[PDB]
Amino acid sequence: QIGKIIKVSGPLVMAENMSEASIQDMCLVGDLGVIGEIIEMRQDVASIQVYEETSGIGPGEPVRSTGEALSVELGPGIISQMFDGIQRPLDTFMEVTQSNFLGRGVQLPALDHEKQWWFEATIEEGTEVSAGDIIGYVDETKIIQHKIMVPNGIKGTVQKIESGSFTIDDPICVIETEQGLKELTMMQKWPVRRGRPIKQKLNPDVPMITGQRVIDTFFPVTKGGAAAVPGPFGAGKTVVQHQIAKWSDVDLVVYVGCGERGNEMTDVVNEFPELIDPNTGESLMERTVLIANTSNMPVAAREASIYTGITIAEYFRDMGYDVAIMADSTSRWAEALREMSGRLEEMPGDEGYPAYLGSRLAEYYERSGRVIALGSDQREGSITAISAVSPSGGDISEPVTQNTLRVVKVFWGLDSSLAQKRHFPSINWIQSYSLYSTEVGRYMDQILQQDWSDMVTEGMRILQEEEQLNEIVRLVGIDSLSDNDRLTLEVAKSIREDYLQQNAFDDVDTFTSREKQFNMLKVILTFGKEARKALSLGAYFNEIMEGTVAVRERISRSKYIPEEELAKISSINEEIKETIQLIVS
Amino acid sequence: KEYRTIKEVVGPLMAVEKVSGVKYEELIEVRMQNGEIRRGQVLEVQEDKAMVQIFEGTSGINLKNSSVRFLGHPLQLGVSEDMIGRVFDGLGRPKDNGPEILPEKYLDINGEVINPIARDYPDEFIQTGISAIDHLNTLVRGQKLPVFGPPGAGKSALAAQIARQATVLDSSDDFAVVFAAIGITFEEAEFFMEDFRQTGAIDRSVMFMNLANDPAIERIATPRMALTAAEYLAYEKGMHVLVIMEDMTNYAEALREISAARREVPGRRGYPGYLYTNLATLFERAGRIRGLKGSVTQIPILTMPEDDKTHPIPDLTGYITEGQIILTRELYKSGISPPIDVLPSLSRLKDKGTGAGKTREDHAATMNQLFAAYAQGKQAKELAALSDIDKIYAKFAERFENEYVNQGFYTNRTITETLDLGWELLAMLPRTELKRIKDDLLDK
Amino acid sequence: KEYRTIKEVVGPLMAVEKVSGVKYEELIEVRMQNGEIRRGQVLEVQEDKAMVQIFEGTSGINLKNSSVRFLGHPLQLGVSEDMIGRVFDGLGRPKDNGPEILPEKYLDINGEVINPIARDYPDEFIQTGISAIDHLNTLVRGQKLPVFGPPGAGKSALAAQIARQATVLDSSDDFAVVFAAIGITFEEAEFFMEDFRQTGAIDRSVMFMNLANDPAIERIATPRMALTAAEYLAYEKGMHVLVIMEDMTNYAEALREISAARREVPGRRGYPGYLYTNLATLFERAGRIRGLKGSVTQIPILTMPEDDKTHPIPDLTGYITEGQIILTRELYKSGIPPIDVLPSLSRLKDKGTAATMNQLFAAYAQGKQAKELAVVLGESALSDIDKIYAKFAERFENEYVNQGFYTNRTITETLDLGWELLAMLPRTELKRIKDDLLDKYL
Ligand SMILES: Nc1ncnc2c1ncn2[C@@H]1O[C@H](COP(=O)(O)OP(=O)(O)O)[C@@H](O)[C@H]1O
Ligand SMILES: Nc1ncnc2c1ncn2[C@@H]1O[C@H](COP(=O)(O)OP(=O)(O)O)[C@@H](O)[C@H]1O
Ligand SMILES: [Mg+2]
Ligand SMILES: [Mg+2]
């Protein structure tokens, strides 16, 4: 069946003779064949929201339905690829259209259907399998093992399967189902609006090593948890997401950029394939799926970006891997929703955004989490959601930030005043929070067998008391309050400048292993603690730390100590001890 | 009896043509072309035309090949004594993957309003297990006592603590709890479920779980379903039921979403005008009934915004509820657990709650005096420097807050120990300034 | 074919009936009953009906005797190498009364989206000729660097001085400037035109003039037209193009007027909800392309509404733009371009070219920090010894930043002069070491 346009008005195009199509079906609209999504339908007439631009399209032009919802192709060839909101490869787009620009009305398959991949079967013929079981694997990269698993909704018995070189379109296995015989390919199509089903969800209690000191110490995020990063103008939220993308114990990374700067996206495309794995494995781009959408892209494609990305994350989570998805930025996504809801004459909720914003954000963030994948293998996967929020003028009271914080548990709020200094992390220790501090404290205390929870509570208490001291300092001076609290200020300065302050685009400061974190925190905390034991035990009012000026430089150097030499900070701590015990007498 | 005449589908709304005998708020089933079945509800009916809203959504629906069945009854709930010890969703579907319980009967979830002459005044006492509640803001069987707090303050743990440690000093009838989660994350869901199964309180409780990612229609139906089940177990089986709801602010937000989807005229602050009545129809479902054994006590728990004038949700809730419980994140930072700020917190029915026989003869004397005691104590150290005539009161306030740090959420302080600590710590500097009628109540 | 069936006329909008083959954003010409011709644009089309908006206006139109021609193409621009050295209006019609140039081809002014893979990172340097820009907030070929200015402050003349003193210090000499006036007074338009023809910069520049009394639709089309011409000259021929735009605030005000005339659902503060995307459509057109020689650089200049809550226009512009330039009336009163370099910051200066920069920044900031408190900060002991830095900073304002609007301090000029100022302070004193850089003390 073919349709006929009867009305064109901006992104909305109405077309009659669409009785055979269904709602949320993707269609080619007009003579150019632009991609559109069916929202409404009055009798035969259907209202379609066109993704691409609609300039030059009028009535009488035909419309043809694809017959499926938003398509994502999930198979070998998806890693090391740059897609748009609709999962279209940008490199293949450039090479096929022979133009450096994205032409309107061009549709291309997501994965290389003609590329040959080596399939290795790991199951015997005759073993009954349900939806989610693994029948083979392909070594898509040297790090990631792309496991060919059964598409969802197919349950049966394996008829024949054998290893060999095949494409993603060639059948590699036959399944005897209740309906009959069905052949399975190496690529499965899934709708991005509906989340991939699982067996059972569980609490994310395994903390992630992000390599960031301020993150992994005070406000940690677990494998499967959700974190929101709202920052003023240029406080550093995108670079925080970049850091989590490069240094993280996750298996795969899905970086969705929605409505951000084209140059800032090209920076990602440039620096990702030139960074290697922390353990000296392969390139960063060989373990990352990039979904780029310029600020100037089609508003609808920007709306579908996070859904495509989270669907790919669920596809790799169903295999049993740990995936981290980074969104930049969910505020631009919410503004796309605002534009669509305003052009559809829907009842505004708060500040022009649609009232179902909270519901949509809940639907997104609840898809991420540590779950048990479907299948008899009982494998476990996780999706860590890291999202960046762009509040107008940095107002946290904005509905986007409020609705995001209503469903996430990790909040890394950035501060303008802290961004003005070198503290580009700018995570306000007083304002920010993490409900995983309890669970992460338990885990990080048990696997390391150190009193790490007490260390973290003491450091955070020092920073809170420093927030009070920041008030008590005005107009009275340093000499006024007790020398004990003066030392408290110096210890808070030590934490702020040696532990909290962390440059991201540095040679060795960009990564701080777990052992290095504990050792650096030990140096700082034991410096403060030895001074605490000494000060009330006969410390001069002008002589407190003059003899430690040569050893505090070691603390300042702790952030530049290479991770290959692990046992250096332990030599720092003992010297701290020996110096401070004898300066008093 | 199936109608295969869908005329138009606009977003979550669908119009069915050529119908007859369709009523308002009638639930319907949509048989899609692929065989998938979706539930929905009638929102409007004009002649043979009928506008409905689908719960799950409207994705992938072809209007030509789909059909609609009209069941002929509104939102119902199947009630039965086997309901204890099970976990349901917002609409009543089981989530514990347990056996399908045979319902005794189906009841409309909206219920019916109680005749003012048939309502009974609450007079009994519930031992919540918290001293700050059982002695200062006493809970009464049938009293609607809300829990206000900042986002992420001491409320999720307080809900579980009350839901476990709540009991009466009787065995006839046996106590029951109905916990309703409305628009929460899966981690909070599992927090409540795991705590219940760990302490064994799930054996005497009925849980209605509605995740935040659930549809807004189910979020609206969740508290009404919980209160319907509570009314059944109380007014028909003679059980004293304690309902605990969290969170109610999410209910209000989802209701705003509902009215935004139904294109209704938005009232004040973007919320529907009937929000006040829709909240009243849920709060007034508590109380006792003349001639019935059971009782329904309600504890709604809500997030309060800060610096946003006064939100109608806290205002209307605190006005239709007999009292309120205030807590603060400053107290959560100070280690108070449960962090209950007793200065702005007030219970309006504690007078009938306590008495001789009900709790003890001295509880009524201790309550009225502890109010002024902690007031004077805190206002002595920080009004609204150095001095001594009120420093003795200052230290009282400090230890009053510090001894509630070391108790935690796992302390089940009975009424005996509560009154014992009351008089046992009342007597350090005995003074006649305390307004007691006689000295026999000054034995502590 | 030219329909003569005008059905409805409501304000600036007009509805033509019994049409066929009309497309979205299609251009139309109205042949009035008196012979006057007026241009317009299709806003909506439904079967045999088409709603359009007339650019010039709707006064004096007789619905019975007038007719409407459908051109069959959206807003287009005729591009050619002869475009250099001419002045056009907002829609592209010649304004200097010069020879009618034959267009090589017509291009849609909306442009097309650049593939993120095809985009290249800006790495070259533009010599703007102004001290602050060249040594403190360096401009990069392809960087969108805005300019903030108080109403009637040095922002209006900074445009002309940059547009003249911009040049490339490199073998490739495919330079070209594209200046775009958006809703300005005739006195400012003549300011720019006369300055260009006086200094001779008009010979190497393309001007798109749009007066404040011009229609809001033309005001919306002006910057997109300028960027279309820039992309032609840069990505089709091999030319480094520098676009300067003033003013941006007026563009947004006219966009509000547009949506008010189209009865669209307004967002916050009366602005359209798609204002963010509509500004993105213009800011992301700058940069370089892999495999192409040219580049497009943008300098939007706007009047700040600051000292009040951040309007969506400075907010979104400063968010999408990599950096910002701040000007202050406190410096404009002292005779200083009055570029306040403390809040000014360029986020691509690393690739644009740092030792002298990081040294000068804290140096002048230390003169301001010695003046941070009441009068000169601020301890009796500090006195003249602290005044050393503030003496240097007074000279930093008096002779380094304040160069004049007709002084072309090239990279050599500005770089060599910058070293002269530090002679006020002692010579081995860069924070922080004893002898951190003895060499080339000056
Ligand atoms: N950890 C860090 N250390 C040093 N600089 C940083 C860090 N994070 C961000 N930045 C700085 O912030 C700028 C980019 O900010 P960005 O990450 O885009 O945040 P936003 O999205 O708010 O603009 C860069 O110039 C970079 O130098
Ligand atoms: N300090 C905070 N600020 C904002 N939101 C928070 C904070 N702490 C927790 N939240 C979020 O608020 C949501 C609802 O929490 P809530 O039910 O109020 O917790 P509690 O009952 O412990 O107060 C949670 O999903 C959580 O992510
Ligand atoms: Mg950003
Ligand atoms: Mg909770």
# chains A, B, ... in the order shown; residues from 1 in each chain; ligands from 1
>>> residues_near_ligand(ligand="ligand 2", cutoff="8 Å", atoms="only C-alpha atoms and all ligand atoms", output="ChimeraX atom specification")
/A:402,405-411,431-435 /B:149-159,184-185,188,246-247,301-303
>>> select_by_dssp(residues="range 22-117 of chain B", states="strand (DSSP E or B)", output="ChimeraX atom specification")
/B:27-31,37-46,49-54,67-70,76-79,87-88,94,105-108
>>> write_last_selection(atoms="N, CA, C and O atoms", output="compact mmCIF listing (two decimals), in the first residue's frame")
# COMPACT_ATOMS: atom_id res chain seq x y z
N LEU B 27 -13.62 -0.26 31.93
CA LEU B 27 -12.37 -0.75 31.38
C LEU B 27 -12.63 -1.67 30.20
O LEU B 27 -13.64 -2.37 30.13
N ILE B 28 -11.68 -1.66 29.26
CA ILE B 28 -11.81 -2.31 27.97
C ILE B 28 -10.52 -3.07 27.67
O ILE B 28 -9.46 -2.77 28.22
N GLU B 29 -10.64 -4.04 26.78
CA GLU B 29 -9.49 -4.80 26.29
C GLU B 29 -9.34 -4.59 24.79
O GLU B 29 -10.33 -4.63 24.05
N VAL B 30 -8.12 -4.35 24.35
CA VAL B 30 -7.80 -4.15 22.95
C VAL B 30 -7.08 -5.40 22.46
O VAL B 30 -6.00 -5.73 22.97
N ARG B 31 -7.71 -6.10 21.52
CA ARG B 31 -7.12 -7.23 20.82
C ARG B 31 -6.42 -6.67 19.58
O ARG B 31 -7.08 -6.26 18.62
N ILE B 37 -2.70 -8.26 23.85
CA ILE B 37 -3.88 -7.76 24.55
C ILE B 37 -3.45 -6.59 25.43
O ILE B 37 -2.49 -6.72 26.20
N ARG B 38 -4.16 -5.47 25.33
CA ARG B 38 -3.85 -4.31 26.16
C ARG B 38 -5.10 -3.80 26.87
O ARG B 38 -6.18 -3.76 26.29
N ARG B 39 -4.94 -3.38 28.12
CA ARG B 39 -6.07 -2.87 28.88
C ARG B 39 -6.18 -1.36 28.74
O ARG B 39 -5.19 -0.66 28.46
N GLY B 40 -7.39 -0.85 28.92
CA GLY B 40 -7.63 0.58 28.85
C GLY B 40 -8.89 0.94 29.59
O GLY B 40 -9.60 0.07 30.10
N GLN B 41 -9.19 2.24 29.62
CA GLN B 41 -10.33 2.75 30.38
C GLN B 41 -11.08 3.80 29.58
O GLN B 41 -10.46 4.61 28.88
N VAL B 42 -12.41 3.79 29.69
CA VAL B 42 -13.26 4.75 28.99
C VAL B 42 -13.18 6.10 29.70
O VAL B 42 -13.45 6.20 30.90
N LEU B 43 -12.82 7.14 28.94
CA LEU B 43 -12.72 8.49 29.47
C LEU B 43 -13.88 9.39 29.06
O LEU B 43 -14.15 10.38 29.75
N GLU B 44 -14.56 9.07 27.96
CA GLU B 44 -15.65 9.89 27.46
C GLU B 44 -16.49 9.03 26.53
O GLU B 44 -15.98 8.11 25.89
N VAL B 45 -17.79 9.34 26.45
CA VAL B 45 -18.67 8.63 25.53
C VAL B 45 -19.66 9.63 24.93
O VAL B 45 -20.35 10.35 25.67
N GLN B 46 -19.72 9.68 23.60
CA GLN B 46 -20.59 10.60 22.86
C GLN B 46 -21.37 9.76 21.85
O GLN B 46 -20.83 9.38 20.81
N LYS B 49 -19.90 6.95 19.77
CA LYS B 49 -18.47 7.15 19.87
C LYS B 49 -18.03 7.04 21.33
O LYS B 49 -18.77 7.41 22.25
N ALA B 50 -16.83 6.51 21.53
CA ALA B 50 -16.30 6.34 22.88
C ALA B 50 -14.81 6.59 22.87
O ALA B 50 -14.07 5.91 22.15
N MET B 51 -14.36 7.56 23.66
CA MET B 51 -12.94 7.83 23.81
C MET B 51 -12.40 7.04 25.00
O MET B 51 -12.99 7.06 26.08
N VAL B 52 -11.29 6.33 24.79
CA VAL B 52 -10.66 5.53 25.82
C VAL B 52 -9.17 5.84 25.83
O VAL B 52 -8.63 6.44 24.90
N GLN B 53 -8.51 5.42 26.90
CA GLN B 53 -7.06 5.55 27.03
C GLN B 53 -6.48 4.19 27.36
O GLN B 53 -6.98 3.50 28.26
N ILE B 54 -5.44 3.80 26.64
CA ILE B 54 -4.78 2.51 26.82
C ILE B 54 -3.71 2.65 27.88
O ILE B 54 -2.97 3.65 27.92
N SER B 67 -9.43 -4.96 17.44
CA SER B 67 -10.78 -4.98 17.98
C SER B 67 -10.76 -4.57 19.45
O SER B 67 -9.72 -4.60 20.10
N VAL B 68 -11.93 -4.21 19.96
CA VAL B 68 -12.08 -3.73 21.33
C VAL B 68 -13.24 -4.45 21.99
O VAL B 68 -14.35 -4.48 21.44
N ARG B 69 -12.99 -5.03 23.16
CA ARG B 69 -14.01 -5.64 24.00
C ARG B 69 -14.31 -4.72 25.18
O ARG B 69 -13.40 -4.20 25.82
N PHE B 70 -15.60 -4.55 25.47
CA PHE B 70 -16.07 -3.75 26.60
C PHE B 70 -16.49 -4.71 27.71
O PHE B 70 -17.48 -5.43 27.57
N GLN B 76 -11.71 -2.98 39.16
CA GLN B 76 -12.10 -3.87 40.24
C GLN B 76 -10.87 -4.47 40.90
O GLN B 76 -9.76 -4.44 40.37
N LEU B 77 -11.10 -5.02 42.09
CA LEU B 77 -10.07 -5.75 42.82
C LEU B 77 -10.71 -6.99 43.44
O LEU B 77 -11.77 -6.90 44.05
N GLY B 78 -10.06 -8.14 43.24
CA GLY B 78 -10.51 -9.37 43.85
C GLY B 78 -9.92 -9.54 45.23
O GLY B 78 -8.70 -9.58 45.39
N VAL B 79 -10.77 -9.64 46.24
CA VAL B 79 -10.33 -9.63 47.63
C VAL B 79 -10.51 -11.01 48.24
O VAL B 79 -11.46 -11.74 47.91
N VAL B 87 2.60 -9.87 47.19
CA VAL B 87 3.01 -8.60 46.61
C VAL B 87 2.32 -8.44 45.26
O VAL B 87 2.43 -9.32 44.39
N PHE B 88 1.62 -7.33 45.08
CA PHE B 88 0.89 -7.03 43.85
C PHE B 88 1.45 -5.77 43.21
O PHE B 88 2.22 -5.02 43.82
N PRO B 94 -0.13 -10.17 40.35
CA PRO B 94 0.92 -10.64 41.27
C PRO B 94 2.31 -10.35 40.71
O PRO B 94 2.55 -10.44 39.51
N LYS B 105 -14.61 -11.97 46.20
CA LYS B 105 -15.49 -11.10 45.44
C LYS B 105 -14.68 -9.96 44.85
O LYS B 105 -13.57 -9.66 45.30
N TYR B 106 -15.27 -9.33 43.84
CA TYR B 106 -14.67 -8.18 43.17
C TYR B 106 -15.34 -6.91 43.69
O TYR B 106 -16.57 -6.82 43.74
N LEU B 107 -14.52 -5.93 44.06
CA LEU B 107 -15.01 -4.65 44.57
C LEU B 107 -14.46 -3.51 43.74
O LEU B 107 -13.31 -3.56 43.29
N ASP B 108 -15.28 -2.48 43.54
CA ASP B 108 -14.83 -1.26 42.88
C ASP B 108 -13.76 -0.59 43.73
O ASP B 108 -13.94 -0.39 44.94
>>> interface_residues(of="chain A", to="chain B", cutoff="7 Å", atoms="only C-alpha atoms", output="MDAnalysis selection string")
chainID A and resid 19:25 39:43 69 203 347 349 355:356 359 362:363 366 407
>>> atom_distance(atom1="CA of residue 96 in chain C", atom2="CA of residue 165 in chain C")
23.0 Å
>>> residues_around(residues="residue 374 in chain B", least_positions_apart="3", cutoff="10 Å", atoms="only C-alpha atoms", output="list in words")
residues 342, 343, 369, 370, 371, 377, 378, 379, 380, 393, 394, 396, 397, 398, 400 and 401 of chain B
>>> write_last_selection(atoms="N, CA, C and O atoms", output="compact mmCIF listing (two decimals), in the first residue's frame")
# COMPACT_ATOMS: atom_id res chain seq x y z
N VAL B 342 10.63 17.16 66.51
CA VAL B 342 9.40 17.15 67.29
C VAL B 342 8.85 18.53 67.60
O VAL B 342 7.73 18.65 68.11
N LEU B 343 9.61 19.60 67.31
CA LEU B 343 9.10 20.94 67.57
C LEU B 343 7.97 21.32 66.61
O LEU B 343 6.91 21.75 67.09
N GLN B 369 4.08 17.77 79.40
CA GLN B 369 5.26 18.38 79.99
C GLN B 369 6.51 18.21 79.14
O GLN B 369 7.36 19.10 79.15
N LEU B 370 6.64 17.10 78.41
CA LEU B 370 7.78 16.96 77.52
C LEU B 370 7.74 17.97 76.39
O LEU B 370 8.80 18.43 75.94
N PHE B 371 6.54 18.32 75.91
CA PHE B 371 6.44 19.39 74.92
C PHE B 371 7.17 20.64 75.40
O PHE B 371 8.15 21.10 74.79
N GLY B 377 14.16 23.70 76.55
CA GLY B 377 15.54 23.24 76.47
C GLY B 377 16.26 23.71 75.22
O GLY B 377 17.39 24.20 75.29
N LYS B 378 15.61 23.58 74.06
CA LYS B 378 16.26 24.00 72.82
C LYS B 378 16.32 25.52 72.72
O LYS B 378 17.35 26.08 72.33
N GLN B 379 15.23 26.20 73.08
CA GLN B 379 15.23 27.66 73.08
C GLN B 379 16.15 28.24 74.14
O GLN B 379 16.43 29.45 74.10
N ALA B 380 16.62 27.43 75.08
CA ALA B 380 17.57 27.92 76.08
C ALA B 380 18.96 28.08 75.49
O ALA B 380 19.65 29.06 75.77
N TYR B 393 19.10 23.72 80.91
CA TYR B 393 18.08 23.29 79.95
C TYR B 393 18.71 22.96 78.59
O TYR B 393 18.27 22.03 77.89
N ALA B 394 19.74 23.73 78.23
CA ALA B 394 20.45 23.51 76.97
C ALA B 394 21.01 22.09 76.90
O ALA B 394 20.86 21.40 75.88
N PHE B 396 19.99 19.51 78.39
CA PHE B 396 18.86 18.60 78.21
C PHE B 396 18.51 18.46 76.74
O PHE B 396 18.31 17.34 76.24
N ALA B 397 18.39 19.58 76.03
CA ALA B 397 18.07 19.51 74.61
C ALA B 397 19.14 18.72 73.84
O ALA B 397 18.82 17.86 72.99
N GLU B 398 20.42 18.99 74.13
CA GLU B 398 21.50 18.31 73.43
C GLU B 398 21.44 16.80 73.62
O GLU B 398 21.54 16.03 72.66
N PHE B 400 18.82 15.09 74.52
CA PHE B 400 17.58 14.61 73.90
C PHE B 400 17.81 14.25 72.44
O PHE B 400 17.29 13.24 71.96
N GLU B 401 18.57 15.07 71.72
CA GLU B 401 18.85 14.69 70.34
C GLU B 401 19.93 13.63 70.22
O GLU B 401 19.87 12.80 69.31
>>> residues_around(residues="residue 237 in chain B", least_positions_apart="6", cutoff="10 Å", atoms="only C-alpha atoms", output="PyMOL selection string")
chain B and resi 80-81+173+231+292-294
>>> residues_near_ligand(ligand="ligand 3", cutoff="7 Å", atoms="only C-alpha atoms and all ligand atoms", output="count of residues only")
5
>>> select_by_dssp(residues="range 102-146 of chain C", states="alpha helix (DSSP H)", output="PyMOL selection string")
chain C and resi 131-135
>>> closest_residue(among="A:173, A:96, A:79, A:38", to="residue 124 in chain A", atoms="only C-alpha atoms")
A:173
>>> residues_around(residues="residue 226 in chain C", least_positions_apart="6", cutoff="9 Å", atoms="only C-alpha atoms", output="VMD selection string")
chain C and resid 90 109 178 to 180 206 to 208 243 245
>>> write_last_selection(atoms="N, CA, C and O atoms", output="short mmCIF file (atom, residue, chain, number, x, y, z; two decimals), in the first residue's frame")
data_model
loop_
_atom_site.label_atom_id
_atom_site.label_comp_id
_atom_site.auth_asym_id
_atom_site.auth_seq_id
_atom_site.Cartn_x
_atom_site.Cartn_y
_atom_site.Cartn_z
N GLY C 90 19.07 41.86 2.99
CA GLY C 90 18.89 40.63 3.73
C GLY C 90 18.55 39.44 2.86
O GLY C 90 18.94 38.31 3.16
N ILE C 109 19.44 28.58 1.33
CA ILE C 109 20.14 29.30 2.38
C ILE C 109 20.19 28.51 3.68
O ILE C 109 21.04 28.78 4.53
N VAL C 178 32.96 38.11 5.61
CA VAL C 178 31.53 38.22 5.37
C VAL C 178 30.92 38.93 6.57
O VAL C 178 30.83 38.35 7.66
N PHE C 179 30.50 40.17 6.37
CA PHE C 179 29.91 40.96 7.43
C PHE C 179 28.40 40.98 7.25
O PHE C 179 27.90 41.10 6.12
N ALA C 180 27.66 40.84 8.35
CA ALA C 180 26.21 40.75 8.32
C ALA C 180 25.64 41.66 9.39
O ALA C 180 25.89 41.45 10.59
N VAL C 206 32.31 40.84 1.85
CA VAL C 206 30.94 40.73 1.35
C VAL C 206 30.01 41.15 2.47
O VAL C 206 30.00 40.53 3.54
N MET C 207 29.22 42.20 2.23
CA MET C 207 28.36 42.78 3.25
C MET C 207 26.90 42.44 2.97
O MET C 207 26.45 42.54 1.82
N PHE C 208 26.18 42.03 4.01
CA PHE C 208 24.75 41.77 3.95
C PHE C 208 24.07 42.72 4.94
O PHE C 208 24.11 42.48 6.16
N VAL C 243 33.21 35.36 9.24
CA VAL C 243 31.88 35.94 9.32
C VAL C 243 31.81 36.76 10.60
O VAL C 243 32.23 36.29 11.66
N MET C 245 28.85 39.11 12.70
CA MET C 245 27.42 39.36 12.73
C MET C 245 27.08 40.34 13.84
O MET C 245 27.59 40.21 14.95
#
>>> residues_around(residues="range 534-550 of chain A", least_positions_apart="3", cutoff="9 Å", atoms="only C-alpha atoms", output="list in words")
residues 479, 483, 484, 487, 529, 530, 531, 553, 554, 576, 579, 580, 581, 583 and 584 of chain A
>>> interface_residues(of="chain A", to="chain C", cutoff="8 Å", atoms="only C-alpha atoms", output="PyMOL selection string")
chain A and resi 6-10+54-60+90-91+94+100-103+233-234+260-263+265-267+269+292+294-297+299+335+338-339+342-343+345+351-352+392-393
